[PDB]
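Residue strings, one per chain:
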Amino acid sequence: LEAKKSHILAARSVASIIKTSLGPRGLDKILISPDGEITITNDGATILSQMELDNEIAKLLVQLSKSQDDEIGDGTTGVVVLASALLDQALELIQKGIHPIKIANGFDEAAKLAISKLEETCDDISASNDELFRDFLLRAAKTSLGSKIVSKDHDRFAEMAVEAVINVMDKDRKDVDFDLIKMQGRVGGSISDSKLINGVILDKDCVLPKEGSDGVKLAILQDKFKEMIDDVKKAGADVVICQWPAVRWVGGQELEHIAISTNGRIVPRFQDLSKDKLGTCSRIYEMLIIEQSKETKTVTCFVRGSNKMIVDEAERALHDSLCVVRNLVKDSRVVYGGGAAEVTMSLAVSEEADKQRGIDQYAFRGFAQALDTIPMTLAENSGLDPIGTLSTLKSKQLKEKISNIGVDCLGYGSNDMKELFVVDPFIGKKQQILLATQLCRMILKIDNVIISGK
Amino acid sequence: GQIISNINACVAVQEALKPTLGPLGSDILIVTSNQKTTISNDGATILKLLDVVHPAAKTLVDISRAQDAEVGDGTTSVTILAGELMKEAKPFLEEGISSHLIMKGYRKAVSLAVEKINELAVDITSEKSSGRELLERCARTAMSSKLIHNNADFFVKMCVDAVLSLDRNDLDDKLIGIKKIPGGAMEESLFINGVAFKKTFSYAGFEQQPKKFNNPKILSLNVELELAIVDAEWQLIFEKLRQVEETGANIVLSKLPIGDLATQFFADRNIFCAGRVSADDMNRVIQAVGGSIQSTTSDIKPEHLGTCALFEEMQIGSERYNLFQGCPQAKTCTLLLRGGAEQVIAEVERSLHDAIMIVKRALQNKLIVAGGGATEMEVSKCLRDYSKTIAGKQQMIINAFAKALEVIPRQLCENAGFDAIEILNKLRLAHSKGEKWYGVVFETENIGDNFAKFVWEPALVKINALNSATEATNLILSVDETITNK
Amino acid sequence: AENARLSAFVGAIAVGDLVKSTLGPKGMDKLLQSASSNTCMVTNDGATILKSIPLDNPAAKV
Amino acid sequence: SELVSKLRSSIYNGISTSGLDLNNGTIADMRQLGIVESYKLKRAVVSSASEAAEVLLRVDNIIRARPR
């Protein structure tokens, strides 16, 4: 028991590093890369993943946040805080003489009660028309996803990214495409210079459209130079990209987005050039801008910025919105978080403890206390007293039937999340609670750490 | 004297596994030079990555590696017995008692122990529990005796249905291999009736791949397809593609990857192809679809092309894998693990592979006895009465082995937080005036009958446990000196 | 936490006391002497001074 | 002390043309002394110093990763 006691104290020190980064208001910390480069970003998943500690207990939390980054990507701080809160309560219950599995069995039973309670609070945003539905997707990134400064009004470059996944996904409200949705950055100008077009813009190297063809006749591929032109004149292609108009030193993977959007193919050798691979591109003009006015699922957001971290942090916020919008479109269950569901689910578990009593009463209390650590952490990050914040939320949810009252970090006034348009994925909060408890059961099973000889 | 110094170094082996005994046991964390995190209860993976100093530590490793063939599970309650026999034998080795009397007396105790274990094992057959019952009701807690406590209820309604398709006298362990799929849930795992493998490589037509086949045909080809010289290299590859179409194969498995010429020819005709096929996956198809591997196009013939019921393209975890269903000959059911944590996938990987060993020995003989460490208590109770009249000094020798089996109930109380003395007093009356079958119950936290508890364990585990601990403990006593050069 | 805010804020204070007066003819200067190559620079602005002096303070990167 | 106190009291009466003369060590008119700077130079140094300093304002702790 003495070995795991130092591991819990070491795990709490890791949670205290990102403790100030929890929530959209959460403040980051300066991280120094081993190569000497400084990394400043407000994303909690980026700093925690790049940070490497000594003790193996901290490395176990890295693998937990590694799956959260590839799935959720935003708000991964609450995963470690909830996991550390279960270990903080383990210093008491385990010391009382109760086996960890007996405490772990109460967490899995209380998790099903939280999921069932969270399902009753789901609000379907697809019940309205397409005008209000597409407006909620843009307003979803207006508040919850906003973190860094200057994001106060981000809708200039955000609406281009929000409407990007809307045109790709069908109106049946079920689609997933991870292939054709990517972010392409550029160093220069300002963030306000971004544009929304259908195509891809590369860093390597105009003609009027025709009648029958869609224009520019895009074909993806001194005597020998003119001989290949005669083969192009057979298909009449105005612009041809020659890998092995002409280009110099272009990559094969970079030309994949052009062949898929234009329904073209890669030509291994000039002898294999044929008309069946001729594509359609609306306009090509100069850095050439490739645009397509037809129906396609290929959309790339061209982003500019004065620094690398400005473009990188902006893309990670917009790229993680793909899983957010998919949970707001493909998933019909939408819940309001940010202190609303966290405190609501904690009150349902607290009432279950007094019903069963026995050894599960203290076990269910630890799960409800673990969920109460998120609003107490957001209270300190917002400058509010943790005791006074939770006392106000619980008083209103018991007297009033509205479950959308939650913590106000940025001073939005009224605490109703429905009026503030603060939305969190339903599957997001489900995976964060289960995978956190999944690791906490393995932490309590740690006996002796074996390390290979140096 | 030299053996005592060797035992003390080997005592810490099972003392690190001390809490791991029982379903309440803990796990051991191991970090190698590659920073590969391995968390598992099974000591086989623990002893494999454990740094050894004295050669006696390798003795327990060789028995643990051979434990998979003899039993395969319950390694926490077996290997620990090898160190306990030598722990209480220290006062006897210091006296004039030779280690030969300990080794000779051990075989006399095991000969009496196995005789009682076979007596405890009872086969009724007749109208009592049959297939789909013994593998479910009695195997509920028998399959996983250590881990998967919360998810046990999920696998009883799932994993039991997968091993039901395995007929007796076959017992093929090549087709039970699993895969690692990131993301998902444990109880949501889909059952697979055919060969399924990862793509491992991304295609430009990945989204354009054919969804399903009505009558697919799988063909394995090792021919490498890659591109006056330009016309010659392009024509030779084109002629090889036409000879494959003559066989009418909708699925072509290539060992080496293919270029764009072979991909475009197969895409226009809606012919499926998969590259980077491992050699282990090819033998899995031979035992399922029944095809053959052709090195070149000289000997390829239409009768070498196999077929299966239907083909389906499954998308799970934001990645698509090949799925075969309705193979002509399938002796098992392929299972695909899920979940976002890599340690959990490897945690249940060792547990599910240990559960098939019970189905293997159950089909040969169906037998169950009282579990929960109550097997050694009844055997130790009988050895106390017999050893008094057996060959002089062997009374105190067997009684030492009788008290050595008492470590099992002491370990079950250590994790549960019970008293080691309180359980011995209650079992002593339960294994004497209470006949036999009364065991220990962890749920109600008292002593009860394992017959009404529904928890049983195969007696074949305890039979090979003494045999695995026979040459392990005898080798320690038979070696009086250890020499290490340089 | 105590020395975290201290060493970070004094990064520009230690070598910046001489360049505070840079505006005006009365500005103090700073001398940078290289260990070899027989090179050096004299200026009252911290631009060249900061870029040519390596510092282990993480706040110096900003 | 005395020089800044006189300059703070000069602008308190509504005179924005005063200043600090380093040659004579007294309060003198900056327009007649010849000290003039552009407004773009003022906005550049004031706005950048407040925004760039926000890095160390919100970050109270710095953790460096060990060299790989």
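Residues numbered from 1 in each chain as written, not as in the entry; some residues may be left out. Chains lettered and ligands numbered in written order. Part of a larger assembly, values for the part shown. Heavy atoms only, no water.

With that out of the way, let us pick up the sheet that holds strand β9 (residues 293-294) of chain B. Residue and element names in this part refer to chain B. In space, the four strands of this open sheet follow the order β8-β7-β6-β9, with parallel pairing throughout. Either end of the sheet is taken by a strand with one partner, and the two such strands are β8 (272-274) and β9. As paired elements, strand β7 (residues 251-254) and β8 share three bridges and run parallel to each other. The partner of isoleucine 251 across the bridge, within β8, is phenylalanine 272. (Pairing = 2+ DSSP bridges. Helix = DSSP H or I, 4+ residues; strand = E, 2+ residues; numbered from the N terminus.)

Before going further, it helps to spend a moment on the interface of chain A and chain B. Taken together, the contacts link 33 residues of chain A with 40 residues of chain B. When chain A packs against chain B, close to 3400 Å² is buried across both sides, 54% of that on carbon and sulfur atoms. For chain A, the biggest contributors to the area lost against chain B are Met442, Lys445 and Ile450 of chain A; these three give 19% of the whole. Put simply, chain A and chain B have two salt bridges between them. Here chain A and chain B share 13 residue pairs in polar contact between them. (Contact = heavy atoms within 4.5 Å. Buried area = accessible area lost by both parts, 1.4 Å probe. Salt bridge = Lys/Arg side-chain N within 4 Å of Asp/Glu carboxyl O. Polar contact = N/O pair within 3.5 Å; in protein donor to acceptor, adjacent residues only side chain to side chain.)

Turning our eyes to something else, we now look at the arrangement of the chains. Of all four pairs of chains in contact, the one with the most contacts involves chains A and B. Across all C-alpha pairs, the smallest distance from chain B to chain C is 28 Å, and the two are not in contact. Chain B makes no contact with chain D; the smallest distance between any of their C-alpha atoms is 14 Å.

Another point: the packing of helix α7 (residues 130-143) of chain A against helix α8 (residues 155-168) of chain A. All names here are of chain A. The contact between α7 and α8 brings their axes to 10 Å, and the two run at 135 degrees. With respect to their mutual orientation, α7 and α8 come out oblique. Crossing hand, α7 versus α8: right-handed. When α7 is examined against α8, the residues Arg134, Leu137, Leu138 and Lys142 are found in contact with a partner set consisting of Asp155, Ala158, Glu159, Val162, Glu163 and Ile166. Within the contact of α7 with α8, the residues separate by chemical class into five nonpolar, no polar and five charged. (Axes fitted to C-alpha atoms, helices over the stretch in contact; angles between N-to-C directions. Parallel < 35°, antiparallel > 145°, perpendicular 65-115°, else oblique. Left-handed = near helix turned anticlockwise from the far one by under 90°. Nonpolar A, V, L, I, M, F, W, Y, C, P; charged D, E, K, R; others polar.)

Residue and element names in this part refer to chain B. Domain assignment breaks chain B into domain 1 (125-192 + 364-368) and domain 2 (196-363). The distance between the C-alpha centroids of domain 1 and domain 2 comes to 28 Å. Facing 40 residues of domain 1, the contacting portion of domain 2 comprises 39 residues. With both chains or domains summed, domain 1 and domain 2 bury close to 4300 Å², and 65% of this area falls on carbon and sulfur atoms. If you look at where domain 1 meets domain 2, you find 14 residue pairs in polar contact. Partitioned by chemical class, the residues of the side of domain 1 that touches domain 2 number 21 nonpolar, eight polar and eleven charged. (Domains from an automatic or database assignment.)

Here we take up the nonpolar core. With 78 residues, the main nonpolar core has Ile103 and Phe367 of chain A together with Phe155 and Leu337 of chain B as its most contacted residues. Apart from the residues within four sequence positions on either side, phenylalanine 367 of chain A is in contact with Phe107, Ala110, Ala111, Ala114, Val349 and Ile433 of chain A. Counting 32 residues, the second-largest nonpolar core is a separate cluster that includes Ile3, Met86, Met103 and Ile476 of chain B. (Core = buried A, V, L, I, M, F, W, Y, C linked by side-chain atoms within 4.5 Å. Buried < 20%, exposed > 50% of the residue type's maximum accessible area, 1.4 Å probe, protein only.)

Each partner contributes to the interface: chain A provides 13 residues, whereas chain D provides 14 residues. Around 1300 Å² of area is buried between chain A and chain D when both sides are counted, 62% of it from carbon and sulfur atoms. Summed over the three residues of chain A that lose the most area to chain D, namely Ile30, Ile32 and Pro34 of chain A, the buried surface amounts to 40% of that side. The interface formed by chain A and chain D holds two salt bridges in total. Between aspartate 28 of chain A and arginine 58 of chain D there is a salt bridge, with its nearest N and O atoms 3.3 Å apart.

Time to look at the domain arrangement of chain A. Residue and element names in this part refer to chain A. The assigned domain composition of chain A is domain 1 (1-125 + 333-454), domain 2 (126-198 + 297-332) and domain 3 (199-296). Each of domain 2 and domain 3 was reduced to a C-alpha centroid, and the two centroids are 28 Å apart. Counting the surface lost from both domain 2 and domain 3, the interface buries some 1100 Å², and carbon and sulfur atoms represent 58% of this. It is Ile197, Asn198 and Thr298 that lose the most area in domain 2 upon contact with domain 3, and together they represent 47% of the buried surface on that side. If you look at where domain 2 meets domain 3, you find zero salt bridges. Our enumeration of links across domain 2 and domain 3 arrives at three residue pairs in polar contact. The set of elements that each furnish at least two residues to the side of domain 2 that touches domain 3 consists of β3 (181-187) and β9 (299-305). With three residues, the top contributor of residues to the side of domain 2 that touches domain 3 is β9. Partitioned by chemical class, the residues of the side of domain 2 that touches domain 3 number four nonpolar, four polar and three charged.

The next point concerns the pattern of salt bridges. Per the counting criterion, the structure on display carries 54 salt bridges over all chains. A salt bridge links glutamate 313 of chain A to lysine 148 of chain A; the shortest N-O distance between them is 3.5 Å. According to the relative accessible area criterion, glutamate 313 of chain A is buried, its value standing at 10%. With its nearest N and O atoms 2.4 Å apart, the salt bridge here joins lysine 436 of chain B to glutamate 378 of chain B. Taken as a pair, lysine 436 of chain B in the loop between α16 (420-430) and β14 (438-441) and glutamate 378 of chain B in helix α13 (residues 374-386) lie far apart in primary sequence, 58 residues in all.

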